[PDB]
>>> print(open('query_10.txt').read())   # compact mmCIF, C-alpha atoms (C1' of nucleotides) and all ligand atoms
# COMPACT_ATOMS: atom_id res chain seq x y z
CA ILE A 104 -23.00 17.42 16.44
CA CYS A 105 -24.38 14.70 14.16
CA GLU A 106 -26.24 14.36 10.86
CA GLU A 107 -28.03 10.99 10.96
CA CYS A 108 -29.65 11.49 14.38
CA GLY A 109 -28.51 15.08 14.97
CA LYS A 110 -27.47 14.48 18.58
CA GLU A 111 -24.76 16.50 20.31
CA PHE A 112 -21.87 14.25 21.34
CA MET A 113 -18.22 14.70 22.27
CA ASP A 114 -16.57 11.71 20.59
CA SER A 115 -17.50 8.31 19.19
CA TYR A 116 -15.83 5.45 17.34
CA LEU A 117 -16.17 7.59 14.20
CA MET A 118 -15.15 11.28 13.62
CA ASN A 119 -11.65 10.57 14.99
CA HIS A 120 -10.70 7.83 12.51
CA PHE A 121 -12.63 8.77 9.36
CA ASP A 122 -14.03 12.29 10.11
CA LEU A 123 -17.70 11.29 9.96
CA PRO A 124 -20.20 12.83 12.43
CA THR A 125 -22.01 9.63 13.43
CA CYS A 126 -22.92 8.63 16.99
CA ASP A 127 -21.78 5.34 18.50
CA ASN A 128 -25.25 4.31 19.73
CA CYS A 129 -26.37 2.56 16.54
CA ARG A 130 -22.93 2.47 14.79
CA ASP A 131 -24.42 0.49 11.82
CA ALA A 132 -22.04 -2.50 11.81
CA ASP A 133 -23.82 -4.17 8.87
CA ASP A 134 -26.32 -1.42 7.98
CA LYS A 135 -24.51 1.64 6.58
CA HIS A 136 -20.96 0.32 6.14
CA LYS A 137 -18.31 -2.27 6.81
CA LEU A 138 -14.54 -2.05 7.29
CA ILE A 139 -12.96 -2.74 3.90
CA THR A 140 -9.22 -3.38 3.82
CA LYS A 141 -6.83 -1.63 1.46
CA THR A 142 -6.26 -4.57 -0.90
CA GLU A 143 -10.01 -4.95 -1.49
CA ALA A 144 -10.30 -1.29 -2.50
CA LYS A 145 -7.75 -1.84 -5.29
CA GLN A 146 -9.05 -4.96 -7.06
CA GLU A 147 -12.83 -4.55 -6.65
CA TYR A 148 -13.52 -0.84 -7.18
CA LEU A 149 -10.26 -0.42 -9.16
CA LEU A 150 -8.58 2.61 -7.61
CA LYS A 151 -4.88 3.40 -7.91
CA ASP A 152 -2.79 4.97 -5.15
CA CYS A 153 -3.55 8.40 -6.65
CA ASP A 154 -7.18 8.15 -5.49
CA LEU A 155 -7.02 7.43 -1.73
CA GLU A 156 -4.51 10.11 -0.71
CA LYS A 157 -4.40 12.80 -3.43
CA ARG A 158 -7.99 13.44 -4.52
CA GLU A 159 -9.42 16.13 -2.25
CA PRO A 160 -10.65 15.38 0.34
CA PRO A 161 -7.92 12.87 1.26
CA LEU A 162 -9.30 10.06 3.42
CA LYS A 163 -7.32 8.33 6.16
CA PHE A 164 -7.15 4.78 7.45
CA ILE A 165 -6.77 2.63 10.58
CA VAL A 166 -3.68 0.52 11.22
CA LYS A 167 -4.19 -2.87 12.85
CA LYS A 168 -2.35 -6.15 13.34
CA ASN A 169 -2.01 -8.57 10.45
CA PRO A 170 -4.22 -11.64 11.05
CA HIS A 171 -1.98 -14.38 9.62
CA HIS A 172 1.41 -12.82 10.43
CA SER A 173 1.22 -11.44 14.05
CA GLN A 174 4.85 -10.23 13.96
CA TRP A 175 5.38 -8.80 10.46
CA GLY A 176 3.50 -5.59 9.76
CA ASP A 177 0.28 -3.68 9.31
CA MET A 178 -3.22 -4.14 7.93
CA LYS A 179 -4.87 -0.90 6.84
CA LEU A 180 -8.65 -0.54 6.99
CA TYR A 181 -10.85 1.99 5.19
CA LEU A 182 -14.48 2.95 5.70
CA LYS A 183 -16.74 1.39 3.09
CA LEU A 184 -18.94 4.41 2.37
CA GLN A 185 -15.84 6.57 1.84
CA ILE A 186 -14.62 4.19 -0.88
CA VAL A 187 -17.82 3.97 -2.94
CA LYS A 188 -18.17 7.75 -2.70
CA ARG A 189 -14.65 8.05 -4.11
CA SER A 190 -15.34 5.53 -6.88
CA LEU A 191 -18.30 7.62 -8.03
CA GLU A 192 -16.05 10.70 -7.99
CA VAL A 193 -13.22 9.13 -10.00
CA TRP A 194 -15.14 7.01 -12.52
CA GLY A 195 -18.21 9.03 -13.50
CA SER A 196 -21.30 6.91 -12.89
CA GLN A 197 -21.65 3.55 -11.17
CA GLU A 198 -22.53 1.97 -14.53
CA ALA A 199 -19.13 2.99 -15.87
CA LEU A 200 -17.30 0.95 -13.21
CA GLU A 201 -18.30 -2.63 -14.08
CA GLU A 202 -18.21 -1.83 -17.80
CA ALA A 203 -14.58 -0.80 -17.38
CA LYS A 204 -13.99 -4.05 -15.49
CA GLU A 205 -14.94 -6.23 -18.48
CA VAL A 206 -12.12 -4.90 -20.69
CA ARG A 207 -9.72 -5.26 -17.74
CA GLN A 208 -10.74 -8.78 -16.68
CA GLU A 209 -10.05 -10.03 -20.21
CA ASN A 210 -6.52 -8.58 -20.21
CA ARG A 211 -5.24 -11.28 -17.85
CA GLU A 212 -6.62 -14.13 -19.95
CA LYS A 213 -5.29 -12.28 -23.00
CA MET A 214 -1.91 -12.53 -21.25
CA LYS A 215 -2.65 -16.23 -20.61
CA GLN A 216 -2.99 -16.95 -24.33
CA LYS A 217 -0.34 -14.52 -25.59
CA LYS A 218 2.14 -16.24 -23.28
CA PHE A 219 1.29 -19.49 -25.08
CA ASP A 220 2.06 -18.23 -28.60
CA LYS A 221 5.43 -16.63 -27.80
CA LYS A 222 6.28 -20.00 -26.24
CA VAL A 223 5.38 -21.52 -29.62
CA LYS A 224 7.12 -18.93 -31.83
CA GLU A 225 10.38 -19.13 -29.82
CA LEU A 226 10.71 -22.91 -29.43
CA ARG A 227 9.82 -23.42 -33.10
CA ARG A 228 12.37 -20.76 -34.10
CA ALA A 229 15.14 -22.88 -32.56
CA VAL A 230 14.30 -25.82 -34.85
CA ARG A 231 13.19 -24.00 -38.02
CA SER A 232 16.47 -22.06 -38.16
CA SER A 233 18.40 -25.34 -38.51
CA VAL A 234 16.32 -26.60 -41.46
CA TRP A 235 15.94 -23.34 -43.44
CA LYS A 236 19.71 -23.00 -43.90
CA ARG A 237 21.93 -25.10 -46.15
CA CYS B 197 -4.98 33.01 -36.66
CA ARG B 198 -6.51 36.20 -35.26
CA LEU B 199 -8.47 36.37 -31.97
CA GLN B 266 1.65 54.75 -32.77
CA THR B 267 0.97 51.14 -31.74
CA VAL B 268 -1.39 48.96 -33.78
CA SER B 269 -1.95 45.45 -32.44
CA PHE B 270 -4.16 42.43 -32.97
CA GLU B 271 -4.36 39.33 -30.81
CA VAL B 272 -3.20 36.07 -32.40
CA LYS B 273 -4.09 32.49 -31.53
CA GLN B 274 -1.62 30.56 -29.38
CA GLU B 275 -2.35 27.15 -30.94
CA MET B 276 -1.07 28.15 -34.38
CA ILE B 277 1.88 30.39 -33.48
CA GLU B 278 4.00 28.12 -35.69
CA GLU B 279 2.16 28.90 -38.94
CA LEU B 280 2.30 32.65 -38.20
CA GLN B 281 6.10 32.50 -38.01
CA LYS B 282 6.13 30.56 -41.28
CA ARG B 283 4.11 33.19 -43.14
CA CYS B 284 5.90 36.17 -41.58
CA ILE B 285 9.18 34.97 -43.06
CA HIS B 286 7.32 34.13 -46.31
CA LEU B 287 6.63 37.86 -46.83
CA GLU B 288 9.99 39.21 -45.49
CA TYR B 289 8.59 40.85 -42.31
CA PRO B 290 10.10 38.38 -39.84
CA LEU B 291 9.24 37.89 -36.19
CA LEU B 292 11.74 38.62 -33.43
CA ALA B 293 11.68 37.15 -29.94
CA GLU B 294 13.66 39.73 -27.97
CA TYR B 295 12.70 39.37 -24.32
CA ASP B 296 13.15 42.70 -22.52
CA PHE B 297 13.83 41.15 -19.13
CA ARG B 298 15.35 44.03 -17.15
CA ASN B 299 11.91 45.60 -16.69
CA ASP B 300 8.72 43.56 -17.06
CA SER B 301 7.08 43.97 -13.59
CA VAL B 302 4.92 40.82 -13.90
CA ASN B 303 7.21 37.95 -13.09
CA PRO B 304 8.59 37.05 -9.65
CA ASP B 305 12.39 37.27 -10.13
CA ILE B 306 13.88 34.30 -8.29
CA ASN B 307 17.16 34.16 -6.34
CA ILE B 308 19.22 32.28 -8.94
CA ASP B 309 22.77 33.64 -8.78
CA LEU B 310 25.90 32.35 -10.48
CA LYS B 311 28.41 31.29 -7.84
CA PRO B 312 32.05 32.50 -8.00
CA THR B 313 33.42 29.03 -8.69
CA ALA B 314 32.16 28.44 -12.25
CA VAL B 315 34.67 30.40 -14.31
CA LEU B 316 33.61 30.43 -17.95
CA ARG B 317 36.05 30.13 -20.84
CA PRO B 318 36.44 32.87 -23.51
CA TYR B 319 34.43 30.99 -26.14
CA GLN B 320 31.49 30.73 -23.74
CA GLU B 321 31.75 34.45 -22.95
CA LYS B 322 31.52 35.18 -26.68
CA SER B 323 28.37 33.11 -27.20
CA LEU B 324 26.54 34.73 -24.29
CA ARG B 325 27.60 38.18 -25.52
CA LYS B 326 25.70 37.60 -28.76
CA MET B 327 22.61 36.35 -26.91
CA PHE B 328 22.25 39.19 -24.38
CA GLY B 329 23.12 41.86 -26.92
CA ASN B 330 21.57 45.17 -25.84
CA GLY B 331 20.52 44.16 -22.35
CA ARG B 332 17.63 42.11 -23.72
CA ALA B 333 17.64 38.35 -24.11
CA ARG B 334 17.32 36.75 -27.52
CA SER B 335 15.90 33.41 -28.62
CA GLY B 336 18.62 31.66 -30.58
CA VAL B 337 20.59 28.43 -30.99
CA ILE B 338 24.11 28.04 -29.56
CA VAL B 339 26.19 25.17 -30.97
CA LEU B 340 29.01 24.13 -28.64
CA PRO B 341 30.62 20.67 -28.35
CA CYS B 342 29.34 18.32 -25.68
CA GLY B 343 32.68 17.86 -23.92
CA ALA B 344 32.96 21.64 -24.12
CA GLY B 345 30.83 23.82 -21.87
CA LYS B 346 27.45 23.13 -23.44
CA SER B 347 25.69 23.02 -20.07
CA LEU B 348 27.45 25.87 -18.24
CA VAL B 349 26.18 28.31 -20.88
CA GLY B 350 22.71 26.98 -20.13
CA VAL B 351 23.05 27.60 -16.40
CA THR B 352 24.65 31.02 -16.95
CA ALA B 353 21.81 32.02 -19.27
CA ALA B 354 19.33 31.01 -16.56
CA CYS B 355 21.48 32.93 -14.06
CA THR B 356 21.27 36.10 -16.17
CA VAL B 357 17.60 36.33 -17.16
CA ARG B 358 16.73 35.25 -13.57
CA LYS B 359 13.11 34.29 -14.25
CA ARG B 360 11.38 30.89 -14.23
CA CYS B 361 13.65 28.65 -16.28
CA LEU B 362 12.38 25.43 -17.84
CA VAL B 363 14.97 22.91 -19.02
CA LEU B 364 14.08 20.17 -21.49
CA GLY B 365 16.09 17.06 -22.29
CA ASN B 366 15.81 14.07 -24.57
CA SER B 367 16.12 11.26 -22.02
CA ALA B 368 15.39 10.55 -18.37
CA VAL B 369 19.14 10.35 -17.80
CA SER B 370 19.57 13.87 -19.20
CA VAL B 371 17.22 15.35 -16.61
CA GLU B 372 19.29 13.63 -13.93
CA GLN B 373 22.30 15.66 -15.12
CA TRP B 374 20.72 19.12 -15.43
CA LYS B 375 19.75 18.85 -11.77
CA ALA B 376 23.37 17.93 -11.03
CA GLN B 377 24.63 20.95 -13.00
CA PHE B 378 22.21 23.45 -11.46
CA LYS B 379 23.38 22.33 -8.02
CA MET B 380 27.03 22.76 -9.00
CA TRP B 381 27.13 26.29 -10.41
CA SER B 382 23.91 28.10 -9.49
CA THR B 383 23.22 27.97 -5.67
CA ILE B 384 19.64 26.67 -5.60
CA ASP B 385 17.99 24.89 -2.70
CA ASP B 386 16.62 21.39 -3.17
CA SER B 387 13.04 22.72 -2.96
CA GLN B 388 13.24 24.57 -6.29
CA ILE B 389 15.06 22.24 -8.71
CA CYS B 390 12.08 20.01 -9.42
CA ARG B 391 12.03 17.24 -12.00
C1' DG C 1 3.30 6.33 -48.84
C1' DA C 2 3.62 2.20 -45.56
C1' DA C 3 6.60 -1.11 -43.66
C1' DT C 4 11.46 -2.48 -40.83
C1' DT C 5 15.03 -2.25 -36.71
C1' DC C 6 16.32 -0.64 -32.29
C1' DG C 7 15.97 2.84 -29.41
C1' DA C 8 13.30 5.94 -26.18
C1' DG C 9 9.54 7.38 -22.88
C1' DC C 10 5.16 7.04 -19.93
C1' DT C 11 1.06 4.01 -17.64
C1' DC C 12 0.19 0.33 -15.29
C1' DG C 13 -0.28 -4.30 -13.73
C1' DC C 14 2.10 -8.19 -11.54
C1' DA C 15 3.83 -10.71 -7.54
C1' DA C 16 4.39 -10.72 -2.70
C1' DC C 17 6.25 -7.81 1.27
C1' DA C 18 9.41 -8.20 7.53
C1' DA C 19 11.66 -5.93 12.87
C1' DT C 20 16.69 -9.07 17.39
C1' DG C 21 20.08 -6.29 22.86
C1' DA C 22 22.65 -4.01 27.99
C1' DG C 23 23.83 0.82 32.68
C1' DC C 24 25.65 7.73 36.21
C1' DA C 25 22.88 13.77 34.76
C1' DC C 26 19.11 16.12 37.71
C1' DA C 27 15.21 17.53 42.87
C1' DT C 28 14.30 17.82 49.63
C1' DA D 1 -10.15 -10.46 8.43
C1' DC D 2 -3.02 -9.11 3.85
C1' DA D 3 0.49 -7.52 1.18
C1' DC D 4 6.32 -2.71 0.13
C1' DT D 5 9.50 -1.49 -3.74
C1' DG D 6 11.06 -3.18 -8.37
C1' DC D 7 9.85 -4.42 -13.76
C1' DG D 8 8.83 -6.19 -17.88
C1' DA D 9 4.25 -5.76 -20.86
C1' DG D 10 1.53 -2.56 -24.37
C1' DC D 11 1.36 1.96 -26.53
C1' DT D 12 3.49 5.52 -29.31
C1' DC D 13 6.75 7.92 -30.72
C1' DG D 14 11.80 8.81 -33.19
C1' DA D 15 15.93 8.40 -37.01
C1' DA D 16 17.02 6.38 -41.42
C1' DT D 17 16.48 3.01 -44.57
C1' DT D 18 14.06 -0.15 -46.46
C1' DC D 19 9.81 -2.70 -49.61
ZN ZN A 401 -26.45 9.78 13.90
>>> encode(input="query_10.txt", output="structure tokens")
Amino acid sequence: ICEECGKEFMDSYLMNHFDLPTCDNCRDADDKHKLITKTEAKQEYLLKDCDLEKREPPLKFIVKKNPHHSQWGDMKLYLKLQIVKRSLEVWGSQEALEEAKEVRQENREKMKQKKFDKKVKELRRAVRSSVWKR
Amino acid sequence: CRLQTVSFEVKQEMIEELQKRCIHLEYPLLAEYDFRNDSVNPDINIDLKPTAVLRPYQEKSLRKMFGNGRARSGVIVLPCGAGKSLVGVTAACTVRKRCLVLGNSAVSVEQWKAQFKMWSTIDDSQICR
DNA sequence: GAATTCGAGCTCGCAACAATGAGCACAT
DNA sequence: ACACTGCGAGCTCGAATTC
């Protein structure tokens, strides 16, 4: 049972890892999807942990070896069409996503400059307190 | 605040102003829960264990709350080192409906769980925080 | 009526995560 | 084809007295 080509098949690379009825003949390696890791689904499409495992339907992942560790731990992989379908479900339209990213991408450079004034107001407080008194 | 036995449905959002005006014209509002027979709520298995013996000043405060076999919304002022929390668990053990405990701090909700496990015989799947 | 001081809570981002040892019970 | 549990940041209140 499929939906893209409608063929009857027992199992494929999909529908046992992501629950998607898609045959393994074409498989669309760079056509319909890619394999996006977990850390790219948090900083690009801006989803918290309450979006990948609590919003119905909860989507699952694939564990694999870490590329630059080889003895340490995991590397989770998600299906790319399942992420951008979830980002449209959590954040209204697609033209609300990047517009929310502009006010977020300025908050780190706001932290970059507000770190540099508390470093001024504290180091100048140590020398102004010695001259104000008498 | 709108929308023998004459009744009219009042609005939930301004139940505070209705209690202000009902005292303002000397026909006050009572909150006597008649909990022995309501037939809507699923009475849970909260039961006071026979280890929490309550002192005679706590037995006098609960006697004024559950007066005629019907619970009453009031304020009980006991000292903190005194049994201020055991009267709370015993009042939840007597109405035996869905309690809801509120505290001021996140440390205070870590204690009410530790008092409901000491004197009330509840599983860990029902004392949620 | 609009500030303060010091406290509280809830959201949420930030940065970087680890995993080292040794033996007798049950079938024809 | 990276990344778990902890933790100070804003934000908004509170009590009581201030400016
Ligand atoms: Zn297909």
>>> residues_near_ligand(input="query_10.txt", ligand="ligand ZN 401 (chain A)", cutoff="10 Å", atoms="all atoms listed in the file", output="list in words")
residues 104, 105, 106, 107, 108, 109, 110, 111, 112, 123, 124, 125, 126, 127, 128, 129, 130 and 131 of chain A
>>> closest_atom_pairs(input="query_10.txt", of="chain C", to="region 364-374 of chain B", cutoff="12 Å", atoms="all atoms listed in the file", output="tab-separated table")
residue	atom	partner	partner_atom	distance
C:7	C1'	B:367	CA	11.2
C:8	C1'	B:367	CA	7.3
C:9	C1'	B:367	CA	7.7
C:10	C1'	B:368	CA	10.9
>>> atom_distance(input="query_10.txt", atom1="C1' of residue 12 (chain D)", atom2="CA of residue 275 (chain B)")
22.5 Å
>>> residues_around(input="query_10.txt", residues="residue 2 (chain D)", least_positions_apart="3", cutoff="10 Å", atoms="all atoms listed in the file", output="number ranges by chain")
A: 140-143, 168-172, 176-179; C: 17
>>> atom_distance(input="query_10.txt", atom1="CA of residue 148 (chain A)", atom2="CA of residue 182 (chain A)")
13.5 Å
